[PDB]
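**Q** Part one of the assembly, not moved from where it sits:
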Amino acid sequence: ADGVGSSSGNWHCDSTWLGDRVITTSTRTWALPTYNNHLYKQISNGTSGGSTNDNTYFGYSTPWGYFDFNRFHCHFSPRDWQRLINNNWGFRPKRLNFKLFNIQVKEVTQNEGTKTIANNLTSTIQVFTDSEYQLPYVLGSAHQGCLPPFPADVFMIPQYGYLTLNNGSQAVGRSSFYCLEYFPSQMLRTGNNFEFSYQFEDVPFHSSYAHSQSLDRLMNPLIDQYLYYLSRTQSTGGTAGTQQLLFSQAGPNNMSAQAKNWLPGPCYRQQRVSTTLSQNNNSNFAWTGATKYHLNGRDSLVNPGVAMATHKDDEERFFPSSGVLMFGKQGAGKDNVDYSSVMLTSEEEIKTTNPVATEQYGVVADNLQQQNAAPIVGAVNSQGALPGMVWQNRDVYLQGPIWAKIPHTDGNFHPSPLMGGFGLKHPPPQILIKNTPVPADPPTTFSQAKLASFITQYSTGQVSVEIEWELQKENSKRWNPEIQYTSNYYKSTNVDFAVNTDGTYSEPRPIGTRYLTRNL
Amino acid sequence: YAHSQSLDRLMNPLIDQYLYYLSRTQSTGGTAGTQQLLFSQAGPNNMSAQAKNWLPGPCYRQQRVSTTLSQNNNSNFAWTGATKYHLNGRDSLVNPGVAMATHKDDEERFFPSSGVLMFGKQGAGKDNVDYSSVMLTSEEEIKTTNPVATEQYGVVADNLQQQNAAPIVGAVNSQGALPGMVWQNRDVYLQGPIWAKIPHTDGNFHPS
């Protein structure tokens, strides 16, 4: 059986492409510190400080840590991603499998200036998975702390905390406080290992492709319609303008006037920003000119927002202020970092079905005309969903979030995450882990107070997560060649998606999933 | 039940996001205001700027009425300033309306004109009965997922900016349903109706 001298598992990273299933396994090495000196702590931010009313919060920061595998590049190598996005229309997860193994718990002490570290063989850790969804589910907010993209990186496990209802910095009566030690957990020593399995609930395949037809162009270019439209309300060419109702059949000449069975997806406008600096207005409109939503007296910037085409044809320089997912390049600052450091994603492929983010949805009439009163047409900046309306969801990326938890609520509309992903009602249960506190020597005379002196301690180990995927094979009679994701053919100082001289891994660009085409 | 978390606060308070937002479009602190695009990661400091997977429920605004008499305007706006819907040439007051939070934090005196269910106390008149006779219900519990009845849904841009033209943002007073939008249904009461008949029709949206 297991013991201090026999390893708890084996390293696995691999991808098994079998028919329609691709099974991706991965493994990393982690280190879990001691957070908050084994304490839960109230954390809050009020408007009495320098903070504003939108930035207030109230919540708790627990000593527990948690594993987050929720980004795609955790599970896919750039070459396995290329096989996926080039050769397949859609993919969805089926089941996953998860393991902790090879647990090394280490005590570390300080004598003057020297440091020394040593195994503690009797120490434990605590691991439970929240499979009844009874805790604040904090995954899916696109926080840092995921497994690294690159299998040779060692990563620090992030601290678990949660927010609760507040009023200002103060808490209200509905505010919940959760004690994570109040669950059953599994305590593991260095010989022990951990495992669980999970099976995804049925979800629509992520549709990875671009339509080969725009929504308005579904017509036959050759044949006229038998339907009529109102072409001309005035007498044409005569010495008088006497109004006369003239009708016409729309056809290849006027295709903007044809009747159509469907409408574009819903529009919620964004502000337009140009990459060229000279064009943008001179002021700071980033927050002020932003598109926000007002909930309970707190203005919240709308990010990334509803899926909407980034820009129209032959304008690549304009992008919606809050609209696009923005990834930073390797080694980029957290605050006020210049444009060249971030990587702006763009949705070109949904221009067909979805309206441009920075432009109006359309035009409606504002008034009832009269012989005296001219007709007036207003702009529709924000448009909810109407019957006969189709749209595309936002695209997933190699760097972006895999799924999200659909909040438990009375109703939702198209419960698909706005960052892109797979909306799940019962998402993969978040896994929590902590170093079991080991006390320093108590006094020899009894004391009621809790023990405030602990041994400085941390643990390390190996974690493996294996997700089975369901692929939708591309079956198409298109004659000409597709567009594929290809690496740059020309020479470069170093390979892309590979280490540099110093060993720093880097991902040069965001890679979306839609290179294939279908008919709209 | 009431949610123990607001919709916008589902984040982890401890950890930053790997995503960036547009923090500053202008050169800061310099003798010149030369526009420069600066980006930042949102975090515990700015949680209003973080990216979020979901949106609040749909908003159809109501007029705001205060229980304190001195605050309300002096006129009869009950019918005129009302929120109505026009069907076949007949204006019909919208009552009770879509489920929307009655009021925001630390304001209990304001309520939407037609928004709240209003029950009368035992032995109350049918017509022009004074305030103290009715019992106004209030939805406090849906403030998390649903927007306040008497306030705007949010803000959108009204124009395409230029170096010449300043950016302009309009208010969204009425907002239909968009994808990635969650909400709570209105609460049942001990005195209130149990069910309803969903009209037999070609289509409905959230037939509740």
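**A** Sure, I can see it. Residues are numbered from 1 along each chain as shown, chains lettered A, B, ... in the order given.
**Q** neighbours around the spatially closest residue to residue A:120 that is not a sequence neighbour, how many?
**A** Distances taken as CB to CB, 6 or more residues apart in numbering or on different chains place residue A:107 nearest to residue A:120, at 4.6 Å, with adjacent residues excluded. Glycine gets a C-beta too; all of them are placed from N, C-alpha and C. Neighbour count for residue A:107, taken as other CB atoms under 10 Å in any protein chain shown: 15.
**Q** Who are the contact partners of residue A:107?
**A** Contact analysis of residue A:107 by CB atoms under 8 Å, 6 or more residues apart in numbering or on different chains lists A:117, A:118, A:119, A:120, A:123, A:438, A:455, A:456, A:457.
**Q** and the third one, what are its bridge partners?
**A** Beta bridges link residue A:119 to residue A:106, judged by DSSP bridges.
**Q** Kindly report the same for the last one.
**A** According to DSSP bridges, residue A:107 are recorded as the beta-bridge partners of residue A:457.
**Q** quick one: contacts for it?
**A** A:34, A:105, A:106, A:107, A:108, A:120, A:123, A:435, A:438.
**Q** So the residue of chain A positioned farthest from its centre versus chain B, what's the distance?
**A** Note on chain A: the largest C-alpha distance from the chain mean falls to residue A:239, namely 63.0 Å (CA atoms, centre = their mean). Separation of residue A:239 from chain B (CB to the nearest CB, to the nearest Å) stands at 40 Å.
**Q** At which residues are the strands of the stretch 401-520 of chain A located?
**A** Remark: strands assigned in the stretch 401-520 of chain A by DSSP state E, counting those that start in this stretch are A:403-405, A:411-413, A:422-424, A:431-435, A:457-473, A:517-518.
**Q** closest one to residue A:367 among those?
**A** strand A:411-413 (31.1 Å; CB to CB).
**Q** Just checking: what are the partner strands of the closest one?
**A** Its sheet considered, strand A:411-413 pairs with strand B:181-183 (antiparallel) by DSSP bridges.
**Q** dump the residue contacts of the closest residue to residue A:209 other than its chain neighbours.
**A** Of all residues not flanking residue A:209 in the chain, residue A:516 sits nearest, at 4.0 Å (CB to CB, 6+ apart). Neighbouring residues of residue A:516 by CB under 8 Å, 6+ apart: A:85, A:86, A:88, A:89, A:208, A:209, A:210, A:474, A:476, A:482.
**Q** and chain C on top of that:
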Amino acid sequence: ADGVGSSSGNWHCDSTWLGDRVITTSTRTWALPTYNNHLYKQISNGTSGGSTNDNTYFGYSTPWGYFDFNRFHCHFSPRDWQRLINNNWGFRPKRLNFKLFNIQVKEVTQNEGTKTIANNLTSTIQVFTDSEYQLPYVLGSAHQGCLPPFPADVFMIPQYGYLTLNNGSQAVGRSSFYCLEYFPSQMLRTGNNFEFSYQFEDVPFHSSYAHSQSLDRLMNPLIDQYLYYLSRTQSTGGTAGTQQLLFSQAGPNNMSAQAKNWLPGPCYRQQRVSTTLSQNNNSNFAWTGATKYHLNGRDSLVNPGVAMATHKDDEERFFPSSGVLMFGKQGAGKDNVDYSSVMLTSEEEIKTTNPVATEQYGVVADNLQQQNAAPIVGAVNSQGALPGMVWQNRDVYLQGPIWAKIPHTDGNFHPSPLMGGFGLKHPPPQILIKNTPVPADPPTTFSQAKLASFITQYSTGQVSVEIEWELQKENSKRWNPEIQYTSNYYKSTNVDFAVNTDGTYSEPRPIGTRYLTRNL
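**A** Placing chain C onto the earlier chains gives this:
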């Protein structure tokens, strides 16, 4: 099998509410020091010092420690307590289950000023449960050292000692001395675990509810009685006072004069103290004006005393001096701490059946009247139990003791603990634990004296206790709503029954078990 590298058990804290059974399990982390340098020691206090005659004692302080889970909040979360007290009339324990596991024994030494700690993997500990009740049973005196209320606290195990018969500081011939090593115990190393099970003897459900009827008001308000009472002994209204015996039937007009089948519970008076300072007398009467009982020449303050209503209607400011259970707020001093630091419990709910603590039980005649001698009525301050007398037991609290040991004696009356709890004849057997002494190097030349030099050593681990409970479901036809325990709806600086900024758990108020109602 078990070893140094495999953990002895798993963490369990949870509550299973199933029908009438609620099963509460809990787990904590403890540290057991070396007390008395592995020595039994005589301890005593005489009146020859500054001590008085009431405070003398004689006994022994053993090196052994002991586990005390005897408070309710050890086993219940404030939310699990709310489900209990709101939805159920009565509850009693059925059986418990107890485990030690994950035992880490650590040696600690001193070189100049530096400290260093290290595992000792061969070391043991000793654990026995006293299941024949052959030792002084020291649980149930409401001593500190219980498991913490909050599962994330690490607690120090208290030292075991006992008192024996004395005369002054000296001991008499009946004084017993117990050597705890003279029992069989189980010696556990780091791979070993411990367990035992225990089954409670049948006990009356703790009655958690308040009566909806006072004892004297059980009558029908509508109908008269066929019984007569002596209404008037004198001629009324006449020019003369000639005595005449007149009788009347009591009814809705006079309900104080009706005949009744029952009497209130027994009364032992307490001194009345007002929270308002200006009202109380100016002197120190705390000890002098106290209600005491004199046993073997030692005056012992009567605390908390017999269950008696704290105060009557519309007086909340008065409380009996020794009558009420008094809990301290989080972080309160041990001596002469101001009023605002303690939390005074109050019995409002037993006013119906039980007399007020600070008032007389009633009035009896002191003399045989004559035409010459006026009738004289005396006060009954202390009243033992009479036939046809009913009362309520004192209420349990979330912070208060669960049970007590009914002393083994020839007779008892209503053997229910005066602090509140479940009086048991065979209570849960007290669990004793000690670090097995490990000698420092003996000399190389033999010596008769016992080894006085030991290795400085302590151990830590995990303990779990799981109690099954039996609930009495509330079944009532009352129309109107009950009174429930509800948290404050209004905003506050921090949540109640949750950590503050610094990680300090706190319980803001004592929570009794009687919110439901029954008919008296």
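**Q** In light of the added chain C, please revisit the contacts of residue A:107.
**A** By CB under 8 Å, 6+ apart, residue A:107 lies in contact with A:117, A:118, A:119, A:120, A:123, A:438, A:455, A:456, A:457.
**Q** What count of nearby residues applies to the residue nearest to the first one when sequence neighbours are not counted?
**A** So the one you mean is residue A:117. In space, and not counting its chain neighbours, residue A:117 is closest to residue A:108: 4.6 Å by CB to CB, 6+ apart. Residue A:108: 13 surrounding residues under other CB under 10 Å.
**Q** Repeat that for the one 10 residues further on.
**A** Counted with other CB under 10 Å, the burial measure for residue A:118 works out to 11 neighbours.
**Q** you'd agree residue A:174 is up against residue A:165?
**A** Yes - counting by CB atoms under 8 Å, residue A:174 does reach residue A:165; the two are 5.3 Å apart.
**Q** Which of the two has more residues huddled nearby?
**A** Taking other CB under 10 Å, residue A:174 and residue A:165 do not tie; residue A:165 has more neighbours (23 against 17).
**Q** Provide a list of residues in contact with that one.
**A** Residue A:165 neighbours (CB under 8 Å, 6+ apart): A:58, A:171, A:172, A:174, A:175, B:3, B:4, B:5, B:6, B:144.
**Q** hmm, 6 Å instead?
**A** Going by CB atoms under 6 Å, 6 or more residues apart in numbering or on different chains, residue A:165 touches A:172, A:174, A:175.
**Q** Residue C:491 is in contact with the first one, correct?
**A** Yes - contact criterion CB atoms under 6 Å: residue A:172 and residue C:491 qualify, at 5.2 Å.
**Q** the more surrounded of these two?
**A** Comparing residue A:172 with residue C:491 by other CB under 10 Å, the one with more neighbours is residue A:172, at 21 against 17.
**Q** quick one, what contacts the more buried one?
**A** A:165, C:491.
**Q** Over to it: give its phi and psi.
**A** Torsion angles at residue A:172 (phi, psi; degrees, to the nearest 10) stand at phi -100, psi 180.
**Q** likewise the one 3 residues further on?
**A** As for residue A:175, its main-chain torsions (degrees, to the nearest 10) stand at phi -60, psi 130.
**Q** Name the nearest residue to it, sequence neighbours excluded.
**A** residue A:164 (4.5 Å).
**Q** same thing with residue A:258?
**A** Closest to residue A:258 by CB to CB, 6+ apart is residue A:250, at 4.2 Å.
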